[PDB]
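Participant: No sequence on hand, only this structure:
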Ligand SMILES: NC(=O)c1ccc[n+]([C@@H]2O[C@H](COP(=O)([O-])OP(=O)(O)OC[C@H]3O[C@@H](n4cnc5c(N)ncnc54)[C@H](OP(=O)(O)O)[C@@H]3O)[C@@H](O)[C@H]2O)c1
Ligand SMILES: O=C(O)Cn1ccc2ccc(F)cc21
Ligand SMILES: O=C(O)Cn1ccc2ccc(F)cc21
């Protein structure tokens, strides 16, 4: 299978990238260095992950040592919710660029459609446990993102965790200058996203699947939760193909024309997770994996369920 997908900005995006949420700062430099050595060319980052400086050390070492050229890398980051105000967007992007030791990002995403009150706290809460919103309209946040393209700080802009009506709002924005290149959403056999994926793809927006392995290290995991990596039905498909369960879970979105960003800090898993370009799931396998949907989310943003722009009340 081809390694990159063409975006609506004319650039090509590697379909497999390395995730970095929860990657400890003392381990993520090694993780990214190993990833680049074994073929990864796309790293998924975010300011809220609190490890971009350490990701940047790895990228810079591999650039300096001429393991890879900058034009061969595809580095993604995301604007956190407390920086939706138009006057804060550039500085937030520039902090990410400084930390990553880059002079541009390949893709910069609005991390969530929900804006929060600015300040030092990433999740400013009130006494009900609900987030303190900001009044900046997302269309205005989008215009600030467009300015980053025109200033050369980012090659492409996109969105994350936007539902179909929110994607539609941008696509219908008065005076829209750049369409979103990507919508990055949770997607795996327990949250298959047929409706939202079809909508985005029909508009030329590439979808990136996050938490493709079901995020077993998510901080709020409970014992009674389902577990993709331990699902015997998925293990059976993996065994039939002589691959690991994780490799099936990564190949699955690839065959839906999605980008996928599995996270690991374990060198052997980083290498294993990339060995997914040499086998094919059958149509029957694909339909069978789709049949496991249960609309089950790792990332439900539960402190924000009353925010006016909370994305997950709508069907898709
Ligand atoms: N836009 C958003 O709002 C958003 C939200 C969630 C995630 N994301 C992005 O998507 C990335 C991936 O999602 P995620 O981090 O939630 O979870 P994930 O990639 O589904 O799962 C990561 C977990 O799987 C383990 N793992 C990795 N490869 C494995 C293998 N071959 N066999 C067994 N276990 C394996 C990792 O362990 P080790 O690391 O210990 O090896 C870690 O515990 C994130 O890191 C982030 O970059 C974005
Ligand atoms: O936004 C993220 O990429 C990951 N994340 C970090 C904190 C957090 C909280 C809730 C959630 F639903 C996802 C979350
Ligand atoms: O908010 C949530 O979507 C899930 N969650 C549940 C407990 C918890 C704690 C911290 C956090 F950052 C997210 C959390």
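Facilitator: Looks like it came in fine. Numbers count the residues shown, from 1 in each chain. Ligands and ions are numbered 1, 2, ... in the order given.
Participant: All the strands of the stretch 151-300 of the chain, residue numbers only.
Facilitator: Using DSSP state E, counting those that start in this stretch, the strands of the stretch 151-300 of the chain run over 157-160, 182-186, 206-210, 259-260.
Participant: So what's the gap between the last one and the chain middle?
Facilitator: The chain centroid and the centroid of strand 259-260 are separated by 8 Å, computed with Cα atoms, centre = their mean, to the nearest Å.
Participant: Stretch 304-316 near ligand 1 anywhere?
Facilitator: No: using Cβ under 6 Å from any ligand atom, stretch 304-316 stays clear of ligand 1, coming no nearer than 10.2 Å. Backbone N, C-alpha and C define where each C-beta goes, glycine included.
Participant: first to last residue in that stretch, what's the distance?
Facilitator: Terminal residues of stretch 304-316 lie 17 Å apart, using Cα to Cα, to the nearest Å.
Participant: Could you do stretch 296-304 as well?
Facilitator: 17 Å.
Participant: For it, buried residues please.
Facilitator: 296, 298-299, 301, 303-304 (16 or more other Cβ atoms under 10 Å).
Participant: Checking stretch 301-310 against ligand 2, do any of its residues make contact.
Facilitator: Yes: judged by Cβ under 6 Å from any ligand atom, stretch 301-310 and ligand 2 are in contact via residue 301.
Participant: what residues are up against residue 311?
Facilitator: 112-114, 161-163, 166, 301 (Cβ atoms under 8 Å, 6 or more residues apart in numbering).
Participant: which one is residue 46 nearest to, not counting chain neighbours?
Facilitator: Nearest residue to residue 46, sequence neighbours excluded (Cβ to Cβ, 6 or more residues apart in numbering): residue 78, at 4.2 Å.
Participant: My read is that that neighbour contacts residue 109, right?
Facilitator: Yes: the criterion here is Cβ atoms under 8 Å, and residue 78 meets it with residue 109 at 4.4 Å.
Participant: Which neighbours do those two have in common?
Facilitator: Joint contacts of residue 78 and residue 109 (Cβ under 8 Å, 6+ apart) are residue 160.
Participant: Spell out which residues of the protein are next to ligand 3.
Facilitator: 219-220, 300-303.
Participant: go with 8 Å
Facilitator: 123, 219-220, 299-304 (Cβ under 8 Å from any ligand atom).
Participant: For ligand 2, what is the nearest residue in the stretch 151-300 of the chain?
Facilitator: Residue of the stretch 151-300 of the chain nearest ligand 2, by Cβ to the nearest ligand atom: residue 299 (3.4 Å).
Participant: Could you measure from that residue over to ligand 1?
Facilitator: 5 Å (Cβ to the nearest ligand atom, to the nearest Å).
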